[PDB]
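These are the residues of each chain, in order.
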Number of protein chains: 2
Amino acid sequence: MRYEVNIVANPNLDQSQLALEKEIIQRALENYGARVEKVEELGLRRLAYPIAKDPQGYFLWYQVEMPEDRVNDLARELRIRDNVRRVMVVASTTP
Amino acid sequence: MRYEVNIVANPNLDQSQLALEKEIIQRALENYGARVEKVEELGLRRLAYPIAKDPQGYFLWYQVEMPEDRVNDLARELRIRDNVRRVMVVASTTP
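Residues numbered from 1 in each chain as written, not as in the entry; some residues may be left out. Chains lettered and ligands numbered in written order. Heavy atoms only, no water.

Per the stated rule, a full pass over the model turns up 14 salt bridges over all chains. The salt bridge partner of A:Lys22 is A:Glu41, with a shortest N-O separation of 3.1 Å. Remark: A:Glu41 occurs in strand 2 (residues 35–49) and A:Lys22 occurs in helix 1 (residues 15–31); sequence separation between them is 19 residues. The exposure class assigned to A:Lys22 is partly exposed, which follows from its relative accessible area of 27%. Using a relative accessible area of 38% as the deciding quantity, one classes A:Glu41 as partly exposed. For B:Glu37, the salt bridge goes to B:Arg2, with nearest N and O atoms at 3.4 Å. Here B:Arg2 lies in strand 1 (residues 2–9) and B:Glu37 lies in strand 2 (residues 35–49), a separation of 35 residues in the sequence. A relative accessible area of 37% means that B:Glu37 is categorised as partly exposed. It is possible to trace a salt-bridge network through shared partners that takes in A:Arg70, A:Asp73 and A:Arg76. (Salt bridge = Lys/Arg side-chain N within 4 Å of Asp/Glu carboxyl O. Helix = DSSP H or I, 4+ residues; strand = E, 2+ residues; numbered from the N terminus. Buried < 20%, exposed > 50% of the residue type's maximum accessible area, 1.4 Å probe, protein only.)

Let us look at the pairing of strand 1 of chain B. Regular strands place side chains that alternate from one sheet face to the opposite one. Residues and elements named next belong to chain B. In terms of residue burial, strand 1 counts as a mostly covered element, since six of its eight residues are buried. Note: strand 1 against strand 4 (residues 84–91), seven bridges, orientation antiparallel. When the sheet's bridge partners are listed, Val8 is paired in strand 4 with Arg86. (Pairing = 2+ DSSP bridges.)

Superposing chain A onto chain B requires a rotation of 180° together with a translation of 0.0 Å along the rotation axis, leaving an RMSD of 0.0 Å. Here the transformation between the copies is reduced to the relation of a two-fold axis. Same-surface contact between copies: 100% of interface residues of chain A are shared with the interface of chain B. (Least-squares fit on C-alpha atoms. Contact = heavy atoms within 4.5 Å.)

This next bit is on the sheet that holds strand 4 (residues 84–91) of chain A. Judged by pairing direction, the barrel is antiparallel, and its eight strands sit side by side in the order 1(A)-3(A)-2(A)-4(B)-1(B)-3(B)-2(B)-4(A) before closing back on the first. Each adjacent strand pair in this sheet contributes to an overall mean axis angle of 35°, direction not counted. Those strands touched by helix 2 (residues 68–79) of chain B are strand 2 of chain A together with strand 1 and strand 4 of chain B, and its axis lies near 165° from that of strand 4 of chain B. (Axes fitted to C-alpha atoms, helices over the stretch in contact; angles between N-to-C directions.)

Next up on the list: empty space enclosed by the protein. The method is simple in principle: a probe with the dimensions of a water molecule rolls over the atoms, and the space it marks as empty is what remains. All names here are of chain A. Under the defined criterion, the tally for this structure stands at one cavity of 30 Å³ or more. Within this model, the largest cavity holds a volume of roughly 40 Å³. Taken together, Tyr3, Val5, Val64, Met66, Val71, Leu74, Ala75, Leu78 and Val89 form the lining of the largest cavity. Going through the elements one at a time, strand 1 (2–9) and helix 2 (68–79) are the ones with two or more residues in the lining of the largest cavity. Per element, the largest residue contribution to the lining of the largest cavity is four residues, and it comes from helix 2. Looking at the lining of the largest cavity, its residues break down into nine nonpolar, no polar and no charged. (1 Å grid on protein atoms, 1.4 Å probe; cavity = no way out; pocket = protein on both sides within 12 Å on 5 of 7 lines; lining within 4 Å. Points joined across faces, edges and corners; volume = space filled by probe spheres on them. Nonpolar A, V, L, I, M, F, W, Y, C, P; charged D, E, K, R; others polar.)

All names here are of chain A. Here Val8 is to be found in strand 1. Separated by 23 residues in the primary sequence, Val8 and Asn31 have C-alpha atoms spaced 21 Å apart. If sequence neighbours within four positions are ignored, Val8 has contacts with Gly57, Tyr58, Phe59, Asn83, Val84, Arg85 and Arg86.

For the rest of this paragraph, the subject is the interface of chain A and chain B. Reports often express the size of an interface as the amount of accessible area lost when the parts come together. The partner chain B presents 28 residues to the 28 residues of chain A that form the contact. Summed over both partners, the interface of chain A with chain B comes to about 2,200 Å²; 54% of that surface belongs to carbon and sulfur atoms. For chain A, the biggest contributors to the area lost against chain B are A:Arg45, A:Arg46 and A:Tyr49; these three give 33% of the whole. For the pair chain A and chain B, the number of links is four salt bridges. Where chain A touches chain B, the interface holds ten residue pairs in polar contact. If you list the elements that add at least two residues to the side of chain A that touches chain B, you get strand 1, strand 2, strand 3 (56–65), helix 2 and strand 4 of chain A. Among the residues forming the side of chain A that touches chain B, the class breakdown is 17 nonpolar, five polar and six charged. With three bridges joining them, strand 2 of chain A and strand 4 of chain B adopt antiparallel strand pairing. Looking across to strand 4 of chain B, one finds that A:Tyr49 is bridged to B:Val89. (Buried area = accessible area lost by both parts, 1.4 Å probe. Polar contact = N/O pair within 3.5 Å; in protein donor to acceptor, adjacent residues only side chain to side chain.)

Structure follows, in C-alpha cells:
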C-alpha cells in the first residue's frame, strides 16, 4: 500500500541533531522493508488552525510503499524518540 | 503568508454533493481574498496511524497566499459545514 508519513520534529534542534533524526527515520523505513518513494524536508512550519500552545515544528514528509500489516510497528518505532513529536500516517487509498 | 489548507470532507458524499462542497471552498478562499496557488483533490484516504474510530475521509489540499490576520476567520468559515469534518492550516514559514 502507498502511505504518506508526516513527521513533526522538535523545532529547537540544531542541524547536527536534525541530521541524526533524519538518518534514523530513513534507516527505520528501510529496516521495516518500506520502499521510499519521496522525501520532502519541509522545515520549520507553524500550525495556524486549530490553535495549539506549541504550534511550531520541523516538518518532514515521506511517501512510501509497504505492507499494511507492518505500518503500525513502523510508526510506533518512529515516534519513540523524544525529538519526534508527532507521526501521522495516511493510506493513499481505501477499500 | 503562504499556507497549506488541509480539508477532510465526509467520505460518504456523492460527487454531486462533493462538487458543491468544492465550489463553496473555492468561493470562500476568493471571498476572503486568498490567492489560490494549487488545488489537489486527493480523494478517499484512510488514517492509518494514530487509530481513529472513523478513519476514512475525502481529502482536499490547497496552497494559498493570504494575510495572517484573515486566516482564522477563513478556517472557521470553511469548517462550519457539516460535510467538512476537519480543517487544518499550516503556515509554510515561521518567525
